[PDB]
Amino acid sequence: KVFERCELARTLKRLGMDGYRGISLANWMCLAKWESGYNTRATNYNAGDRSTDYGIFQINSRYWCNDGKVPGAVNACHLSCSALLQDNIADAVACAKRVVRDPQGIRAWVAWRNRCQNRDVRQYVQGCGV
């Protein structure tokens, strides 16, 4: 599924993402936007280490979900990577929360650091009623 901006914002808010560990909704939106263009079936293979980025938040199988094909990997979110490819983003949100429960917080995603950190992200939620 490819979410429309405000559609995703309300969806994320309903799933309890607004302020989760101090992270505003606009940050989560800026992340999903640059990570997958709001596409839940987005995937990006990394030939370098054989891992794959899954879903709307491009969560990596080397560490977060199990897909059984990375020679040496862990499954910190305790989910099959398939779970991160559903139109329903609840499981992906549960994993996204798990990622930020670690020290870096929202900084886990390099894309967030380069394209959202210290930026005006209001644009991502304006007019969405969130």
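By Swiss-Prot numbering, chain A shows 19-148, in order.
The header says X-ray crystallography, 2.0 Å.
Cβ atoms here come from the backbone N, Cα and C positions, even for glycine.
Look at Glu53 (active site): DSSP puts it in a helix. Here the Cβ of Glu53 (active site) has 21 other Cβ atoms within 10 Å, regardless of which shown protein chain they belong to. The feature active site is assigned by Swiss-Prot to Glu53 (among others).
All protein chains shown were included, and the count of other CB atoms within 10 Å of the CB of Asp71 (active site) stands at 21. The secondary structure of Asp71 (active site), as reduced to three states from DSSP, is extended strand. As annotated by Swiss-Prot, active site applies to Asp71 (among others).
The disulfide bond annotation in Swiss-Prot covers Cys24-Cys146 (among others). Same-chain residues at least 6 positions away in sequence with a Cβ under 8 Å from that of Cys24 (disulfide bond) are, in sequence order, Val143, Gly145, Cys146, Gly147, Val148. The secondary structure of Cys24 (disulfide bond), as reduced to three states from DSSP, is helical.
Summarising the annotation, Swiss-Prot assigns disulfide bond to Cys48-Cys134 (among others). Taking Cβ-Cβ distances under 8 Å and a sequence gap of 6 or more within the same chain, the neighbours of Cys48 (disulfide bond) are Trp130, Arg133, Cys134, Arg137, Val139, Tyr142.
The disulfide bond feature in Swiss-Prot is assigned to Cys83-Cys99 (among others). Around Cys83 (disulfide bond), the same-chain residues at least 6 positions away in sequence with a Cβ under 8 Å from its Cβ are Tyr72, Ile77, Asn93, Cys95, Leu97, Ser98, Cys99, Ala101, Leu102, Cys113.
Its Cβ taken as reference, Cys95 (disulfide bond) is surrounded by 22 other Cβ atoms within 10 Å in the chains shown. Feature annotation from Swiss-Prot assigns disulfide bond to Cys95-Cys113 (among others).
It is 9 Å from the Cα atom of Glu53 (active site) to that of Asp71 (active site). The disulfide-bonded residues examined here are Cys113, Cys146; by Cβ neighbour count within 10 Å, the least packed of them is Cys146. The disulfide-bonded residues examined here are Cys99, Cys134; by Cβ neighbour count within 10 Å, the least packed of them is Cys134.
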